[PDB]
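Take a look at the letters that make up each chain.
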Amino acid sequence: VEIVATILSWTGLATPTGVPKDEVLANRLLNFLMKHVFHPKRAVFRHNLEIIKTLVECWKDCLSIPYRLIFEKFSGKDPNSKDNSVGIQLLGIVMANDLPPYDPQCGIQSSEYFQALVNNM
């Protein structure tokens with residue numbers, strides 16, 4: 001977290017996108033950050049979400065917005081435990097800036113992802 005903070009601290013200077021190797025490194029970076037995020041102590045959960053939000057807000061060009069992991073996050077049934085929360089918070093994170101939630105370009109078809117969302121509603 002300190003390395004990603006000190007490298008994102010200089011916008012307008014050494015842009016991470018456009019580099020023909022750091023693109024395919026940063027996608028692995030972003031998917032790892034989206035993977036390991038939960039952390040049952042509530043206080044640094046918000047810091048993890050803030051690091052993800054600042055990352056997508058600053059990079060924004062090498063897109064690679066990864067699906068089906070949020071779908072695995074919120075597709076879980078049995079409405080007694082809040083295991084679907086991370087999917088909708090992270091979808092709000094990717095939605096609230098830009099970048100539409102278009103499913104059927106890489107992941108699943110659009111006709112079922114929205115239904116999964118409405119079904120957990």
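Rules and cut-offs
Residues numbered from 1 in each chain as written, not as in the entry; some residues may be left out. Part of a larger assembly, values for the part shown. Heavy atoms only, no water. Residues with missing side-chain atoms left out of burial classes, pairs and counts. Helix = DSSP H or I, 4+ residues; strand = E, 2+ residues; numbered from the N terminus. Rg over C-alpha atoms; globule rule 2.2 N^0.38 Å. Contact = heavy atoms within 4.5 Å. Buried < 20%, exposed > 50% of the residue type's maximum accessible area, 1.4 Å probe, protein only. Polar contact = N/O pair within 3.5 Å; in protein donor to acceptor, adjacent residues only side chain to side chain. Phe/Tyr/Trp six-rings, centres within 6.5 Å; stacked < 30°, edge-to-face > 60°. 1 Å grid on protein atoms, 1.4 Å probe; cavity = no way out; pocket = protein on both sides within 12 Å on 5 of 7 lines; lining within 4 Å. Points joined across faces, edges and corners; volume = space filled by probe spheres on them. Nonpolar A, V, L, I, M, F, W, Y, C, P; charged D, E, K, R; others polar.

## Description of the overall build of the chain
And step 1. Counting its regular elements, the chain contains six helices and zero strands.
And step 2. Scanning the chain from its N terminus toward the C terminus, one meets helices and strands in the order α-α-α-α-α-α.
And step 3. Taken over C-alpha atoms, the radius of gyration comes to 15 Å for the chain, in line with the 14 Å a tight globule of 121 residues would show.
And step 4. Each principal axis of the C-alpha atoms in the chain carries an extent, and together these give about 45 × 35 × 20 Å.
And step 5. Considering only intrachain contacts with a sequence separation of at least 6, the fraction spanning at least 24 residues in the chain is 65%.

## Examining the side chain of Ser-75
And step 1. Within the element layout of this structure, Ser-75 appears in the loop between α4 (69–74) and α5 (85–97).
And step 2. For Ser-75, a relative accessible area of 18% corresponds to the buried category.
And step 3. Polar side-chain contacts of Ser-75 include one of 2.4 Å to the backbone oxygen of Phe-71.
And step 4. Not counting residues up to four positions away in its chain, the partners in contact with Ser-75 are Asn-84 and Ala-116.

## Structural notes on the packing of aromatic side chains
And step 1. Under the defined criterion, the tally for this structure stands at five aromatic pairs.
And step 2. Aromatic ring contacts, followed pair by pair, group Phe-71, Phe-74, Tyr-113 and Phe-114 into a single cluster.

## Some thoughts on the layout of surface pockets
And step 1. Size it by volume and the second largest pocket reaches roughly 250 Å³.
And step 2. Taken together, 15 residues make up the lining of the second largest pocket; nearest its centre are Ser-75, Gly-76, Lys-77, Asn-119 and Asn-120.
And step 3. Where the lining of the second largest pocket is concerned, the elements lending two or more residues are α4 and α6 (110–120).
And step 4. Counting residues per element, the lining of the second largest pocket draws most heavily on α6, which supplies five residues.
And step 5. Its residues assigned to classes, the lining of the second largest pocket shows four nonpolar, eight polar and three charged.

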